[PDB]
Each structure stands twice: as C-alpha cells, then as structure tokens.
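Accompanying notes for the structure given below.
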Amino acid sequence: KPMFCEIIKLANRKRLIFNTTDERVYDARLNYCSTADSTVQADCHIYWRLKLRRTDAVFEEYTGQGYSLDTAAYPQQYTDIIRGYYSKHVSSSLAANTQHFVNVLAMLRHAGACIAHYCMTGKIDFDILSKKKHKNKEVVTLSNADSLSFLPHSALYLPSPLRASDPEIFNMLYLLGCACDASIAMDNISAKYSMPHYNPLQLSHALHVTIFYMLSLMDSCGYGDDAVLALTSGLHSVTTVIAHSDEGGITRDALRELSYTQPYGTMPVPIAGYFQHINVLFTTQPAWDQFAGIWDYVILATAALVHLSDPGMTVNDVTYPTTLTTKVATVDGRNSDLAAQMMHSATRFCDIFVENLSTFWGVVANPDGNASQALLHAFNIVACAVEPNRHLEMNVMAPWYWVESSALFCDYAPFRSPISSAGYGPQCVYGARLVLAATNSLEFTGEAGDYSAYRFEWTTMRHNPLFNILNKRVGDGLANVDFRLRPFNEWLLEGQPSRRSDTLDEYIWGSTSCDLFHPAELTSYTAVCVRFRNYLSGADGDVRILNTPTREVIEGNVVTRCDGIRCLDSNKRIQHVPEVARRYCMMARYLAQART
Amino acid sequence: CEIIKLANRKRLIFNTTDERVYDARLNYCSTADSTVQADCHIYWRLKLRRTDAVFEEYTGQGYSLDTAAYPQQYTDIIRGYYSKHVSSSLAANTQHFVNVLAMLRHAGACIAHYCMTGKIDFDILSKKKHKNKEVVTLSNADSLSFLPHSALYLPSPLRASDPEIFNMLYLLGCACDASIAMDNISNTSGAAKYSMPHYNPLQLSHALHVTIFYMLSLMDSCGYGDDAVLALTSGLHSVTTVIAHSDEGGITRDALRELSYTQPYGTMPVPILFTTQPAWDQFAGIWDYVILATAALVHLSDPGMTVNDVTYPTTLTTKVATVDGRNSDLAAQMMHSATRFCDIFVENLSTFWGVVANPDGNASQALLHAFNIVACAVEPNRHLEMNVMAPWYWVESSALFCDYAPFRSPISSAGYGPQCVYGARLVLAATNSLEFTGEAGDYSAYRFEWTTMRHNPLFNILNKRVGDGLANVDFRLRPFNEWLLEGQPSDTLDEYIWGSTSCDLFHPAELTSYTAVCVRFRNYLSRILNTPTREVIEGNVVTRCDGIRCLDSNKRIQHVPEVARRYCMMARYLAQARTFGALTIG
C-alpha cells in the first residue's frame with residue numbers, strides 16, 4: 001500500500017498559481033519544550049515553497065531519446081489476461097510462455113507533468129493532456145488483436161475489454177498515448193476515435209486512477225522502481241520546490257533531465273485489488289482543493305525522501321552527512337573534482353534512494369538496480385556539462401539535503417536510512433511527541449565568575465536542537481552563547497562570512513526560510529568548548545539573571561510536537577536566503593587527513 | 001449553579017462601546033458593633049471584543065492533542081459502524097482517536113457571541129463558509145480510497161438518533177476546517193453539497209447547547225476533559241471581553257485569546273440543564289455565569305510567594321526600563337509564575353467542570369504555551385508596560401460560588417480570596433495581629449503587623465460609611481517600612497488606597513509592606529467622631545451578599561485607579577532575595 005497521510009490536503013489552498021513570479025508556501029509549526037523546565041520553549045516555522053517553473057513547461061518538445069525498458073514482460077496471470085484478448089481460434093492454440101513486453105514510463109512522466117500542472121493551476125482539459133496532438137491522431141483499426149503482429153512498429157495496444165470494463169482509463173491512456181509519439185491500436189471506433197466530454201473533476205479522477213493503474217502495471221512486471229522514478233521525474237518536471245539550501249537541488253535537476261522513449265505494449269484489464277488502499281479518502285469528481293492537496297503532499301514527500309535517505313560518511317567512527325570538499329578553485333560555475341566526489345557519493349545514494357522511493361509508494365524495490373543506474377546516468381548528464389550550474393559554484397557542498405523532512409511523514413520507520421539513526425533526518429514526527437536529546441554528550445568542565453563552560457563533541461548543529469529554542473527567543477537567546485575557549489575559530493560551513501573578512505548569533509545561517517538547521521551547517525570534527533552567560537554583572541556592581549537555560553536543561557531532553565500546517569502567500573522573510581561560506585578551510589584539511 | 005441566572009437583563013449589546021454591568025451588593029458588618037456597617041457594590045463589565053470577533057480567521061496552527069483513545073464500548077460502536085459500511089473495515093482494528101478542541105473553541109466563541117449580541121444563523125456558526133464546503137461521501141468513494149485517521153467522520157446513526165447534534169457538529173466542522181466525511185449525501189442540489197433545514201435561533205441554541213456538553217462528555221470519556229473545557233472557556237473569553245477589576249492585569253484574557261488548535265478529527269458515536277428551547281435570558285444567564293465563574297476561578301487559583309515564611313500573592317518585579325511597552329525580565333518571571341499557575345488553574349478548572357484531569361497535565365502545557373506566545377511576541381502590549389505587577393487577579397471571586405470547598409486553592413488558605421460567599425454569611429478577621437501602641441490627644445496609635453490591605457478588610461467599611469471616609473485614619477511612616485503598589489504619587493489612608501471605582505473591594509496585594517506599620521486613628525476633632533472603638537478594630541467582620549442586579553454602563557466605574565508602578569526599594573529587596581538568596585531579607 002502507498003502512504004498518503006493527508007498533511008497538505010488539510011492546508012486548504014485558495015489561490016491559483018498562474019505565473020513564475022509568485023509561489024505557494026506551506027508552513028508548519030514545531031513546538032520545542034525542554035523536559036527539565038517548560039519555560040524553555042519555542043516555535044520553529046518550517047516553510048516549504050512551490051513554484052511553477054514555466055507557463056508552458058508541460059508543452060515541451062518530446063525528443064524520444066532516453067531510458068528505455070525493453071525487457072518488462074508480464075507474469076503468468078496477466079499473460080492469461082492477454083491471451084484472453086485474442087480470437088477464440090487463436091486463444092485456443094497459443095503458447096503459454098509468450099511474453100508481451102510493455103513500456104509506459106513516458107506516459108507516466110507526462111501524466112506526472114499534467115498532474116503537477118493541475119496542482120499548480122486549476123486548468124486541465126484534453127488540450128493539456130495530449131500536447132495539442134489529439135487533433136490529428138490516426139489510430140489504426142484491427143479486430144481481436146491477432147492482427148497486432150501485422151504492425152511493424154511496437155504498438156500501444158488498447159483493447160476493447162479495457163474500454164468495456166471502465167471507459168475513463170481507456171480514454172486517459174488514449175490521451176497519454178496521443179501525448180507521446182506512440183502508435184495506438186484499438187479494436188472498434190463507432191476514422192478518428194471520439195471520447196465523451198469530461199469536466200475536469202472526472203478527468204482528474206481518471207488521471208489519478210490511471211496513475212495507479214500504470215504503477216500496478218509496472219509493479220506486476222517487477223519494474224516498479226522505474227515507474228515511481230518516472231512519476232517523480234514527471235512531478236518535478238513542471239513544478240519547482242524551491243530549495244531550502246542554495247547548495248542543494250542537483251537531485252531536482254537530475255529528475256528534470258530524465259526522459260523516456262516511445263511507449264508500447266498491451267494494456268490488460270487490471271486484477272481486482274492490486275493495491276489494498278491508498279490510506280486517504282478520495283472520491284469521484286473531487287474538487288481542485290483535495291486533489292491538489294493530496295498530490296502536493298506526494299510532491300513534497302518525494303522531495304523530502306532525498307534528505308530522509310542518504311548515505312552518511314563515517315569520519316573517525318562518528319557518522320556525518322556527506323560533505324564534499326574540493327581543492328581546485330571554481331571556474332565559471334563548474335567544478336570537475338566536486339563532480340567526481342558527488343558521483344562517488346551518488347553511486348551509493350541512488351540505491352537507497354530508489355529503495356526508499358519504492359518503500360514510500362506501494363511498490364516493492366527491485367533488488368536488481370535499474371532505476372538507480374538510470375538516475376546515476378541522469379546525474380552524469382547534469383554534471384560534466386558546458387552550461388554554468390548555480391548548484392556547483394562552491395568548494396564545499398552537502399548534496400542530499402534539498403528540503404526538510406521533519407514534520408512531513410506520519411511514520412518514518414519503514415524507510416531505511418543510516419542518517420536517521422545517526423541523529424539527523426526526522427526532527428519531529430507528525431501526530432506524536434518525539435523526545436530526543438537536547439545537546440551532544442558533554443562534560444561540565446567549569447564555571448567562571450559570570451560564565452559556564454561545557455565541552456561538546458559537536459557532531460553538527462542538527463544534533464543540538466536546543467539552539468533552535470535559543471534561536472527564536474527575541475532577546476538573550478544566542479547573544480549570550482559565545483566561542484572563545486577554543487584556540488582556533490575554524491568551522492566547516494561557516495555561518496556568515498560577510499562579518500569577518502564572537503557569539504553564536506554572529507556566525508549562524510539566516511535560516512529565515514526554515515528555522516531548523518541544515519544537517520551540515522556549522523559542522524566540526526573536533527571537540528568544542530562552549531560557554532554560556534548566565535548572569536550579567538554591571539559596571540556599578542550589581543548583577544542580574546539573564547534568560548539563559550540552566551545546567552539541568554542541557555542534559556534534559558527536548559520534547560518536539562507538531563502544530564498545524566497551513567498555506568500562505570510569499571513574503572520577504574522566506575525569500576531571504578543565508579550567505580554561506582563554501583571554501584577550503586582548516587577543518588577541510590582535517591577532513592582530508594581524517595579516517596573517512 | 002444559578003447565582004447570575006435568577007438576575008434578569010433585557011439589554012442587547014450590538015457594539016463594542018456598550019457593556020453589561022453585573023452588580024453585587026455586599027454588606028460588611030462588624031461582629032462586636034452592629035451599627036458600623038457598609039454596602040459595597042462590585043461591578044463586572046462584559047462587552048464585545050469586536051463585532052467580527054466570532055469571524056476571526058481560523059489558522060489551523062495550534063495545540064495538537066494525541067493519544068485521545070475511546071473506551072471499549074465506544075470502540076465497539078465505532079467498529080460496528082466501520083464493519084457496516086464498505087471501505088471502512090480496515091480502520092476497525094486500530095485504536096481510534098478524537099480531537100474536537102477547535103470545534104469546542106468555536107462553540108464557546110459562538111455561544112459567547114449569542115449571549116452577548118443575540119443573533120445566530122448559519123453564516124455566524126460556520127464563519128459564512130458552509131455554502132461552499134464539499135462533503136466527501138463514503139458511498140461515492142473510490143475502491144482505492146480508505147477512510148483515514150484524520151478525517152472527521154459523522155455517522156448516519158448519529159443523524160438517526162439525534163439530527164440536531166449531527167447537524168451542529170457538521171456546522172462546527174465547517175467552521176473549523178476539516179475533512180467532513182458522511183455516509184451518503186442526498187444529491188438534491190449539489191453532488192456533494194449538504195443542504196440543511198432552517199432553524200429558528202431557539203432550537204439552534206438548544207441544539208448547540210446540547211452538542212457542547214455532548215463533546216465535553218465525549219472528551220471526558222476519552223480522558224482529556226480538562227483540555228476540552230479549557231478550549232471551551234478559551235472561546236468564551238475569546239469573544240466576550242470581561243473588563244478586569246485591577247487595571248492592566250488581564251494577561252490571562254490575552255493568553256486565552258492566543259490559544260488555537262489543530263484541525264478537528266475523529267468519529268462521533270451515539271452517546272452512552274434545560275429541556276425546552278429556552279429564551280435568550282436564561283441561556284445568556286447560565287453562560288454568563290460560566291464566563292464569570294472562570295473569571296473568578298483565575299483569581300481563586302493563585303500560587304503564593306513565601307517571604308520570610310509568610311504567604312503573599314504572586315507579585316512580580318523587574319528593574320529594566322520598558323521598551324515598546326514590554327519587559328522581557330518581567331515576562332520571564334511571568335512565565336515561571338505561569339508554569340505554577342497553569343498546573344493549579346487546570347486542576348481548578350477540572351474541579352469546576354466536574355471532569356477529572358489527566359495525570360500528565362498536557363492541558364496546562366497548552367495553556368503555558370499560550371502564555372509563551374503572548375509573552376514572547378512583539379506587539380505594543382498595554383499589560384506589560386509596567387515594572388511591578390500582581391498578574392493572577394483578573395476578576396474578584398467574591399459571591400460567585402455556593403461553596404469554595406472543592407476548589408484546591410493555596411491562596412485561600414491564607415486570608416486572600418473571596419470575601420463573601422453567596423447565600424451564606426462569612427465571618428473573618430477585621431485586622432491583623434495587633435498591639436496597642438498608645439493613645440494621645442485626639443489620636444490613637446495601633447501597631448499593625450502589616451501584610452496587605454485584603455487581610456485588613458475593615459477599612460472599606462470606613463471608606464463606605466457616610467461623612468468622612470478614611471480621612472481620619474493615617475500612618476506613621478518609619479524609614480524601614482516602604483510601600484509597594486501605592487495609591488497616588490502625591491498622609492491620610494485615602495491617599496494610599498487606589499480608590500478603585502470598578503469594585504469597592506481591595507486588590508490582592510493592594511498595599512504590601514513586609515514589616516509592621518503604625519496606624520493612628522483620629523477619635524476626636526478639636527468634638528467626637530464616628531471612629532470605631534478598640535473592640536470593633538480587634539473584633540471580627542461578617543460578610544454577606546445581598547442580590548445581584550444587572551445594569552448598563554456607568555461612567556463612575558469606567559475610571560481605572562492609579563497604582564504608580566515603578567522600580568522601588570521593595571523591588572530591590574525582592575531582587576536581592578531572588579539572586580543572592582533568601583537570607584538577605586531576613
């Protein structure tokens with residue numbers, strides 16, 4: 001069964017996106033409460049941003065060159081369903097070991113483009129679905145499918161029992177065949193096939209049920225990974241989830257670069273109950289609201305799978321998220337060595353990402369890697385390219401974080417990832433209270449006359465959500481936290497390079513887009529000494545207590561809860577992006593001579 | 001009970017300027033001398049927050065209640081409902097949950113708007129969005145579709161047993177946006193549009209009244225009864241503005257206004273005090289008693305400061321100057337005081353509504369988070385402009401309860417709290433511990449072991465008698481003894497009391513001096529005055545309530561008293577006790 005926990009559907013979207021300039025925002029609130037005292041609490045706002053890349057992004061030139069799956073034969077029961085489609089004279093004497101190979105990934109990609117276009121703007125009709133190529137489509141006419149062998153090209157065969165079972169799947173597969181350069185073969189017509197007029201409600205329902213039909217069709221052949229990869233590539237081909245880190249988003253470009261050849265095959269009448277249920281209530285003729293909500297949710301969830309699932313490098317026995325550092329300087333937005341490092345990390349990213357993309361959907365992962373190698377080749381196309389890339393003009397990158405997966409999945413344990421076990425990944429589970437560690441394992445070294453010193457291992461800021469709570473305080477939150485006990489102020493992925501050609505508020509990312517920290521933000525590989533300012537001693541001679549958490553708050557865990565999720569218009573605060581120092585440093589030199 | 005229900009009011013309020021003033025007449029009389037006595041009028045002012053106060057925008061961002069499981073009988077009824085209809089059978093095996101807290105907040109909001117304004121139709125109940133609201137239909141559901149865990153499911157036997165509660169739960173689901181899922185919708189106007197019969201406001205008010213207590217009984221069966229009544233009172237105070245007796249001290253009102261909840265979900269089984277469709281008067285009386293009883297409850301549930309093993313009301317103290325009308329150092333102390341206050345106020349709200357509170361006390365966590373929202377936000381707030389406060393007095397609790405026994409109060413163990421019980425006579429001490437310092441020409445000096453003005457109620461009698469009120473009584477100010485929360489900036493005792501016209505009673509921490517004070521009376525004027533004798537000063541005072549009468553706005557009571565809140569020497573004593581230890585003030 002697929003997982004569709006209805007998170008984005010409850011946001012109740014009102015406005016329609018018609019141009020590239022505006023964007024749709026979904027914000028969640030996470031409440032952070034220290035278990036030691038309930039005074040120390042904060043509300044972190046997570047803003048996901050969605051934007052339509054182009055008005056005519058669906059209407060794009062179909063090249064027809066790309067990944068092709070020429071070995072996708074049916075199992076025994078479907079082959080029985082297909083031999084039920086021949087003539088009775090032919091079906092009485094036909095080989096049981098016959099194989100009807102099928103490719104439908106290009107129609108999955110186009111239907112993903114049409115369905116995310118319907119999420120972005122309320123318009124959909126036969127004009128969008130066929131890419132203006134149903135006006136002059138000439139379907140060939142044959143009887144009983146014994147004459148299918150007569151056709152020289154491999155033909156998209158749409159039988160008459162599929163039409164007599166339910167006509168909306170037949171009509172929608174004819175429309176998606178008209179979208180691609182497929183040769184369509186039918187049984188009966190009444191020269192050109194004429195389908196009944198659909199309102200966009202039934203048309204969106206037909207688009208929905210054919211998406212799940214084609215996913216069931218490919219999972220029946222075992223090649224469900226290619227199906228869900230083609231559907232994710234189709235979803236991100238017309239929409240653009242705006243990246244949380246300016247670094248990330250190369251995975252979005254790899255999903256944009258995926259293209260497929262001309263579809264072909266025979267479409268059986270589907271077996272009853274291949275999918276048990278899709279754990280969300282969906283109806284015939286749904287509104288734009290609920291349909292756009294459920295499918296915006298699957299867009300954001302398959303965007304969150306890249307942060308939720310990635311291979312973490314083990315640097316000196318303690319796990320860190322993959323951080324790729326080059327020595328050569330960047331020329332014209334290009335880095336060859338950094339590209340080689342992201343290929344070395346993508347060869348292990350692609351397997352676990354296609355397995356968890358399958359695990360997100362209803363399909364099981366093919367143990368033979370087919371979507372993973374095609375996605376790796378999509379990375380190989382988007383790198384080593386002559387065009388300048390915005391996502392590579394840097395010397396330090398941390399690729400797999402593209403959007404935050406904190407409060408977007410109701411359940412996290414079916415997804416496999418070592419990074420979620422390493423302390424990163426899900427920060428707050430929706431619908432539950434998540435009690436996790438406040439800071440790194442520490443030792444109270446000493447207390448000065450007006451400060452208090454602690455020694456952290458400092459894996460990364462994301463193991464320290466307590467500084468989230470200190471971030472959202474309007475006063476005395478991070479100005480009191482300062483770093484002067486450590487001898488060298490060397491940090492990989494510095495907070496703000498603009499100030500320096502020292503307090504934790506001075507070097508930290510802006511983070512106005514999302515209050516939670518990047519999993520490699522302000523990372524270090526050595527132990528750090530932090531000191532807090534508990535009191536304030538004036539010049540005249542009096543002291544006053546500042547709003548600094550006490551000692552037992554630091555060893556006392558943090559309960560995280562999730563508040564509601566709503567929809568907003570864009571404003572300047574979320575549009576602001578942090579300036580990040582991405583260059584070779586002393587901690588990068590420690591990373592080079594580390595264990596890794 | 002019915003303390004304000006018997007009282008009859010006919011004034012209808014349609015704007016935020018007009019207000020409804022409840023008056024309680026109080027007789028204070030000494031036990032030793034009957035001829036010295038006084039009538040104190042205490043006034044409650046209720047008004048509209050805004051005209052569009054019930055139409056405030058529902059965010060969806062708010063407190064999220066979890067683990068709100070049903071008892072075994074309800075789960076059996078719900079599993080019968082799910083096994084009855086198709087595409088619901090898989091949802092029977094899991095433990096079912098519920099959340100109607102946003103529905104209860106809007107329910108309290110719209111009944112407060114009905115009890116204040118007096119007009120209700122479907123546009124007001126559902127925030128005029130019911131006319132465009134698609135109801136998902138399980139009969140029209142797809143074969144792949146599944147009844148999920150966060151859609152509000154309204155069964156057809158709920159419509160069969162009691163369609164008034166069914167329709168009202170539908171309207172409150174339209175108000176606080178959710179996925180309303182019914183079994184089948186009659187396609188007479190729209191395919192999924194649910195058309196409704198027209199109700200006169202009496203039947204609609206009765207249906208809303210019974211469905212509020214229906215949801216309260218449901219959440220009480222589920223175990224979370226305190227959070228349900230907390231959301232209900234949050235909506236009630238969210239619409240009705242109750243003007244505080246102490247000026248600039250209604251922070252709890254703004255904390256209840258900053259509450260919000262997540263979007264409601266669950267399923268509504270068949271259930272396991274008027275019966276008729278009432279007039280506006282009786283319904284408004286019982287719910288205005290609910291509102292003013294919670295406004296008394298916020299006073300009755302107050303943790304106490306311990307200063308040299310003496311119990312005082314929680315009074316808070318900063319030193320830093322105000323910026324943008326707010327003090328963060330004051331706000332942090334208010335958060336600590338609220339941390340104790342929420343645990344004590346939720347227990348008292350549970351004892352008021354008759355529901356048992358959960359042991360973890362997450363409703364107190366929601367209220368404390370509301371205090372964190374109102375305390376750590378950037379707006380020009382009138383309430384936090386000051387330096388020194390007594391936060392947790394909002395409305396005087398005297399003569400609002402038949403008894404004060406089940407309320408667990410750590411401040412009414414001392415002399416603080418209600419001065420009179422309604423329908424009863426309450427005898428209490430007129431003065432503190434005393435000694436007779438002496439008597440001279442035309443004056444008589446008593447050494448008062450001074451704690452506060454509320455421990456010395458007798459002076460209000462001296463204020464409210466005819467002739468001169470408290471002009472004869474004055475102080476001898478030594479250098480050690482210093483006042484806090486004074487009456488006016490610029491030695492008679494009338495200059496030191498606030499002169500609050502909203503209520504004749506004194507504020508808890510009206511005038512606090514940790515040390516003893518010397519008070520001299522003027523017995524003779526050189527004739528003889530009406531100053532009481534020594535047995536009247538040391539003798540007790542009985543307190544009684546005599547009727548409650550409603551009235552319109554008076555310009556006398558609308559004037560707020562002056563407190564002269566500034567950083568003082570006693571504030572420095574409290575600061576030194578806070579940061580250097582308690583032994584520095586011993």
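Labeling convention for the structure tokens: chains A, B, ... as they appear, residues from 1 per chain, ligands from 1 in order of appearance.
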Inset, instruction - If you run DSSP over the backbone, which residues in region 415-460 of chain A end up alpha helix (DSSP H)? Put them as a ChimeraX atom specification. - result: /A:418-421
Inset, instruction - Would you give me, as a list in words, the residues of chain B that come within 7 Å of chain A, using only C-alpha atoms? - result: residues 59, 60, 61, 62, 63, 64, 66, 136, 140, 141, 142, 144, 145, 146, 147, 148, 178, 262, 335, 336 and 376 of chain B
Legend entry - Selection near residue 346 (chain A), 9 Å with only C-alpha atoms, sequence-local residues under 5 positions removed, as a list in words: residues 311, 341, 351, 376 and 379 of chain A
Inset, instruction - Pick out the residues sitting within 9 Å of region 149-166 of chain B, and hand them over as a count of residues only; count only C-alpha atoms, and ignore anything fewer than 3 positions along from it in its own chain. - result: 40
Legend entry - Nearby residues (only C-alpha atoms) at most 9 Å from residue 356 (chain A), same-chain spacing under 2 positions excluded, as JSON, numbers by chain: {"A": [305, 309, 351, 352, 353, 354, 358, 359, 360, 361, 365, 414, 415, 416, 417]}
Emit the selected residues as a PDB file, in the first residue's frame, including C-alpha atoms.
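Written file, out-v8.pdb:
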ATOM      1  CA  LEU A 305      12.973  11.490   0.570  1.00  0.00           C
ATOM      2  CA  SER A 309      17.501   8.817   2.946  1.00  0.00           C
ATOM      3  CA  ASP A 351      20.310   2.535  -4.499  1.00  0.00           C
ATOM      4  CA  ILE A 352      18.971   3.621  -1.103  1.00  0.00           C
ATOM      5  CA  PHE A 353      17.003   6.474  -2.672  1.00  0.00           C
ATOM      6  CA  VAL A 354      15.205   4.284  -5.205  1.00  0.00           C
ATOM      7  CA  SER A 358       9.648   2.430  -3.734  1.00  0.00           C
ATOM      8  CA  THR A 359       9.010   1.948   0.007  1.00  0.00           C
ATOM      9  CA  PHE A 360       7.163   5.277   0.032  1.00  0.00           C
ATOM     10  CA  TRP A 361       4.886   4.089  -2.767  1.00  0.00           C
ATOM     11  CA  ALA A 365      12.077  -2.314  -4.668  1.00  0.00           C
ATOM     12  CA  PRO A 414       9.560   1.780   7.130  1.00  0.00           C
ATOM     13  CA  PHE A 415      12.149   3.985   5.394  1.00  0.00           C
ATOM     14  CA  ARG A 416      15.706   2.679   5.676  1.00  0.00           C
ATOM     15  CA  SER A 417      18.493   5.237   6.194  1.00  0.00           C
TER      16      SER A 417
END
Identify, with DSSP run on backbone atoms, the residues in region 24-133 of chain A assigned to strand (DSSP E), and express the list as an mmCIF file with N, CA and C atoms, in the first residue's frame.
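The result, written out as result32.cif:
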data_model
loop_
_atom_site.group_PDB
_atom_site.id
_atom_site.type_symbol
_atom_site.label_atom_id
_atom_site.label_comp_id
_atom_site.auth_asym_id
_atom_site.auth_seq_id
_atom_site.Cartn_x
_atom_site.Cartn_y
_atom_site.Cartn_z
ATOM 1 N N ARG A 24 3.685 29.375 -3.875
ATOM 2 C CA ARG A 24 2.795 28.875 -2.837
ATOM 3 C C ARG A 24 3.619 28.365 -1.665
ATOM 4 N N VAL A 25 3.229 28.735 -0.445
ATOM 5 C CA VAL A 25 4.011 28.404 0.738
ATOM 6 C C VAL A 25 3.171 27.516 1.647
ATOM 7 N N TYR A 26 3.772 26.452 2.171
ATOM 8 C CA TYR A 26 3.144 25.622 3.196
ATOM 9 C C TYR A 26 3.991 25.710 4.456
ATOM 10 N N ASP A 27 3.433 26.245 5.535
ATOM 11 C CA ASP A 27 4.186 26.332 6.778
ATOM 12 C C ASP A 27 3.605 25.451 7.870
ATOM 13 N N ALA A 28 4.519 24.823 8.598
ATOM 14 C CA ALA A 28 4.260 24.038 9.791
ATOM 15 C C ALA A 28 4.891 24.734 10.984
ATOM 16 N N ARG A 29 4.336 24.489 12.163
ATOM 17 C CA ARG A 29 4.909 24.973 13.409
ATOM 18 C C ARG A 29 5.306 23.783 14.270
ATOM 19 N N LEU A 30 6.546 23.783 14.740
ATOM 20 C CA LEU A 30 7.034 22.760 15.649
ATOM 21 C C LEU A 30 7.296 23.397 17.003
ATOM 22 N N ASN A 31 6.726 22.813 18.044
ATOM 23 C CA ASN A 31 6.906 23.286 19.405
ATOM 24 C C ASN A 31 8.014 22.471 20.054
ATOM 25 N N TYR A 32 9.020 23.167 20.573
ATOM 26 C CA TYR A 32 10.158 22.556 21.243
ATOM 27 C C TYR A 32 10.090 22.916 22.718
ATOM 28 N N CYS A 33 10.070 21.894 23.576
ATOM 29 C CA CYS A 33 9.907 22.068 25.014
ATOM 30 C C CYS A 33 10.943 21.227 25.737
ATOM 31 N N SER A 34 11.766 21.863 26.563
ATOM 32 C CA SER A 34 12.727 21.112 27.357
ATOM 33 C C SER A 34 12.007 20.347 28.461
ATOM 34 N N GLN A 41 10.849 27.029 25.819
ATOM 35 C CA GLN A 41 10.074 26.525 24.697
ATOM 36 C C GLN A 41 10.197 27.493 23.533
ATOM 37 N N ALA A 42 9.957 26.971 22.336
ATOM 38 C CA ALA A 42 9.972 27.813 21.146
ATOM 39 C C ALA A 42 9.098 27.193 20.071
ATOM 40 N N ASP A 43 8.824 27.996 19.044
ATOM 41 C CA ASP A 43 8.009 27.585 17.909
ATOM 42 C C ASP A 43 8.804 27.840 16.639
ATOM 43 N N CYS A 44 9.233 26.766 15.991
ATOM 44 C CA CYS A 44 10.002 26.850 14.760
ATOM 45 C C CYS A 44 9.073 26.672 13.570
ATOM 46 N N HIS A 45 9.121 27.626 12.648
ATOM 47 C CA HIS A 45 8.263 27.640 11.473
ATOM 48 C C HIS A 45 9.018 27.046 10.290
ATOM 49 N N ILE A 46 8.470 25.983 9.708
ATOM 50 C CA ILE A 46 9.014 25.369 8.501
ATOM 51 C C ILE A 46 8.176 25.815 7.312
ATOM 52 N N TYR A 47 8.818 26.461 6.346
ATOM 53 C CA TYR A 47 8.163 26.948 5.139
ATOM 54 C C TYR A 47 8.664 26.132 3.953
ATOM 55 N N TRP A 48 7.772 25.366 3.330
ATOM 56 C CA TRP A 48 8.047 24.749 2.040
ATOM 57 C C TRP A 48 7.515 25.657 0.939
ATOM 58 N N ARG A 49 8.318 25.874 -0.096
ATOM 59 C CA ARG A 49 7.958 26.768 -1.189
ATOM 60 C C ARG A 49 7.821 25.986 -2.487
ATOM 61 N N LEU A 50 6.737 26.236 -3.220
ATOM 62 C CA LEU A 50 6.483 25.598 -4.503
ATOM 63 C C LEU A 50 6.255 26.676 -5.550
ATOM 64 N N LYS A 51 6.822 26.480 -6.738
ATOM 65 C CA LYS A 51 6.770 27.485 -7.788
ATOM 66 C C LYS A 51 6.602 26.798 -9.136
ATOM 67 N N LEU A 52 5.818 27.410 -10.014
ATOM 68 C CA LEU A 52 5.695 26.913 -11.378
ATOM 69 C C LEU A 52 6.871 27.440 -12.193
#
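The shell of residues at most 10 Å from residue 225 (chain B), with only C-alpha atoms counted and near chain neighbours (fewer than 5 positions) removed, consists of residues 215, 216, 217, 218, 219, 220, 230, 349, 350, 353, 354, 355, 356, 357, 358 and 363 of chain B.
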Inset, instruction - Would you kindly return, as a VMD selection string, each protein, DNA or RNA residue with an atom no farther than 12 Å from any atom of residue 328 (chain A), considering only C-alpha atoms and excluding same-chain residues fewer than 2 positions away? - result: chain A and resid 325 to 326 330 to 331 334 to 339 393 to 396 583 to 584
Just write the chosen residues, N, CA, C and O atoms, as a compact mmCIF listing (two decimals), in the first residue's frame.
# COMPACT_ATOMS: atom_id res chain seq x y z
N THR A 325 34.30 18.23 -0.42
CA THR A 325 35.21 19.36 -0.43
C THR A 325 36.25 19.16 -1.52
O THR A 325 36.86 18.09 -1.61
N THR A 326 36.44 20.17 -2.36
CA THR A 326 37.47 20.16 -3.38
C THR A 326 38.57 21.16 -3.03
O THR A 326 38.41 22.04 -2.19
N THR A 330 36.85 27.24 -8.32
CA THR A 330 35.73 27.14 -9.25
C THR A 330 35.96 28.02 -10.47
O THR A 330 36.34 29.19 -10.36
N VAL A 331 35.79 27.43 -11.65
CA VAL A 331 35.78 28.15 -12.91
C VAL A 331 34.35 28.13 -13.44
O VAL A 331 33.68 27.09 -13.35
N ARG A 334 31.60 25.82 -12.45
CA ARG A 334 31.86 24.41 -12.70
C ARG A 334 32.98 23.92 -11.79
O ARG A 334 33.94 24.65 -11.54
N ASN A 335 32.85 22.69 -11.31
CA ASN A 335 33.89 22.03 -10.51
C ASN A 335 33.95 20.55 -10.88
O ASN A 335 33.03 19.79 -10.56
N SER A 336 35.03 20.15 -11.55
CA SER A 336 35.17 18.77 -12.00
C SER A 336 35.44 17.82 -10.84
O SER A 336 34.90 16.71 -10.80
N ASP A 337 36.30 18.22 -9.90
CA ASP A 337 36.64 17.36 -8.77
C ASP A 337 35.44 17.17 -7.84
O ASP A 337 35.20 16.07 -7.34
N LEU A 338 34.69 18.25 -7.62
CA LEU A 338 33.47 18.17 -6.83
C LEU A 338 32.42 17.31 -7.53
O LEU A 338 31.65 16.59 -6.87
N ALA A 339 32.39 17.36 -8.86
CA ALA A 339 31.52 16.47 -9.63
C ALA A 339 31.93 15.01 -9.47
O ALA A 339 31.08 14.13 -9.36
N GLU A 393 28.77 26.13 -8.00
CA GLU A 393 29.73 27.22 -7.85
C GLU A 393 30.08 27.42 -6.37
O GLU A 393 29.65 28.36 -5.69
N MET A 394 30.93 26.52 -5.87
CA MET A 394 31.29 26.40 -4.47
C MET A 394 32.42 25.38 -4.38
O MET A 394 32.71 24.66 -5.34
N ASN A 395 33.06 25.33 -3.21
CA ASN A 395 34.09 24.34 -2.94
C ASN A 395 33.69 23.31 -1.90
O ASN A 395 34.34 22.27 -1.80
N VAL A 396 32.64 23.58 -1.12
CA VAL A 396 32.11 22.65 -0.12
C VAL A 396 30.62 22.50 -0.37
O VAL A 396 29.89 23.50 -0.43
N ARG A 583 34.17 27.24 1.07
CA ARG A 583 35.53 27.26 0.56
C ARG A 583 36.41 26.38 1.42
O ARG A 583 36.04 25.99 2.53
N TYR A 584 37.59 26.06 0.89
CA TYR A 584 38.53 25.19 1.58
C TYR A 584 39.08 25.88 2.82
O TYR A 584 39.43 27.07 2.79
Can you build me a table of region 151-216 of chain A residues sitting at most 9 Å from region 68-92 of chain A, with the closest atom pair per residue and its distance in Å to one decimal, using only C-alpha atoms, sorted by chain and residue number, as JSON lines?
{"residue": "A:159", "atom": "CA", "partner": "A:85", "partner_atom": "CA", "distance": 7.5}
{"residue": "A:160", "atom": "CA", "partner": "A:85", "partner_atom": "CA", "distance": 8.7}
{"residue": "A:161", "atom": "CA", "partner": "A:85", "partner_atom": "CA", "distance": 7.7}
Emit the selected residues as a PDB file, in the first residue's frame, including C-alpha atoms.
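Contents of selection-v3.pdb, as written:
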ATOM      1  CA  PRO A 159      -8.187  -3.349 -26.174  1.00  0.00           C
ATOM      2  CA  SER A 160     -11.980  -3.210 -26.172  1.00  0.00           C
ATOM      3  CA  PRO A 161     -12.373  -5.221 -22.905  1.00  0.00           C
TER       4      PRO A 161
END
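Taking CA of residue 76 (chain B) as the reference point, CA of residue 222 (chain B) is found at 14.1 Å.
CA of residue 500 (chain B) lies 27.1 Å from CA of residue 5 (chain B).
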